[PDB]
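These notes concern the structure reproduced below.
Hydrogens, waters and symmetry mates play no part in the numbers below; they use all other heavy atoms, side chains included. We name chains A, B, ... by the order of the sequence lines, and we start the count at 1 in each one.
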Amino acid sequence: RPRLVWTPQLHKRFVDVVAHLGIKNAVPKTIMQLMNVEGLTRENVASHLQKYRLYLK
DNA sequence: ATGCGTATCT
DNA sequence: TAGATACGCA
């Protein structure tokens with residue numbers, strides 16, 4: 001129920017999955033499927049990817 | 001029906 | 001600042 005905390009370990013797995021897939025295929029559902037984290041939703045990944053893209057600009 | 005991207009909210 | 005929610009539109 002409490003908001004998801006993106007721990008350095010969880011963010012690292014996100015970064016590795018986003019690096020594995022290219023920019024084209026690094027979409028929230030494919031990231032989530034590859035990350036393989038229990039209880040992690042498409043919306044959790046989508047929100048994180050938005051902030052990640054803003055940080056890379 | 002599904003899910004991505006942007007804006008907006010807490 | 002980070003993470004959640006809303007929604008337009010592919």
Side-chain angles (χ1 to χ4, degrees), chain A residues 1-11 13-37 39-57:
Chain A
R1 185 87 253 192
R3 73 210 274 284
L4 175 79
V5 180
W6 280 90
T7 55
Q9 316 91 245
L10 196 68
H11 176 69
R13 197 165 274 190
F14 168 88
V15 167
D16 292 336
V17 165
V18 170
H20 181 268
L21 302 158
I23 284 287
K24 181 199 180 180
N25 291 340
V27 293
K29 200 200 176 68
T30 320
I31 300 156
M32 181 199 73
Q33 291 178 154
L34 265 78
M35 283 187 71
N36 201 50
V37 181
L40 189 72
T41 72
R42 199 208 63 91
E43 289 78 25
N44 291 134
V45 174
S47 171
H48 195 64
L49 179 61
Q50 180 177 33
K51 292 299 188 284
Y52 188 66
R53 287 165 164 166
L54 275 168
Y55 166 76
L56 293 189
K57 283 188 116 65

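Between A:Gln33 atom CD and B:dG3 atom P the separation is 9 Å, expressed in whole Å. Note: NE2 (A:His48) to P (C:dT5) measures 17 Å, nearest angstrom. When rounded to the nearest whole Å, the span between NE2 of A:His11 and P of C:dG3 equals 10 Å. Note: CZ (A:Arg1) to P (B:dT10) measures 15 Å, nearest angstrom. Atom OH in A:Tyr52 sits about 18 Å away from atom P in B:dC4, given to the nearest Å. In this structure, A:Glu43 atom CD and C:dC7 atom P are separated by 14 Å, rounded to whole Å. The distance between atom CD1 of A:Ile23 and atom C1' of B:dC4, rounded to the nearest whole Å, is 14 Å. If you measure from atom CH2 of A:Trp6 to atom P of C:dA4, you get 9 Å, rounded to the nearest angstrom.
Both A:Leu56 and A:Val45 belong to a single network of hydrophobic side chains, linked directly or stepwise wherever heavy atoms of I, L, V, M, F, W or Y lie under 4.5 Å apart. A:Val15 and A:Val27 fall into different hydrophobic clusters, defined by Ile, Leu, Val, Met, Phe, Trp and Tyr side-chain heavy atoms under 4.5 Å apart, directly or through other members. Following chains of ILVMFWY side-chain contacts shorter than 4.5 Å, one can reach A:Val17 starting from A:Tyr55, so the two form part of one hydrophobic cluster.
To the nearest 0.5 Å, the span separating NE2 on A:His48 from CG on A:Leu10 amounts to 7.0 Å.
Between A:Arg53 and B:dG5 there is a side-chain N or O to OP1 or OP2 distance below 4.0 Å. Taking 4.0 angstrom as the limit, A:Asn44 places a side-chain polar atom (N or O) nearer than this to OP1 or OP2 of C:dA4. Applying the 4.0 Å criterion to OP1 and OP2 of B:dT10, one finds that A:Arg3 has every side-chain N and O outside that range.
The residue among A:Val5 and A:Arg42 whose nearest nucleotide of DNA chain C is located toward the 5' end is A:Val5. Of the two residues near DNA chain B, A:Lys51 and A:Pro28, the one whose nearest nucleotide lies more 5' is A:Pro28.
Proximity note for A:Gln50 (side chain, C-beta onward) versus B:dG5, B:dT6, B:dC4: the nearest is B:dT6.
A perpendicular orientation is assigned to the rings of A:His11 and A:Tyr52, their planes being inclined by more than 60° (bins at 30° and 60°).
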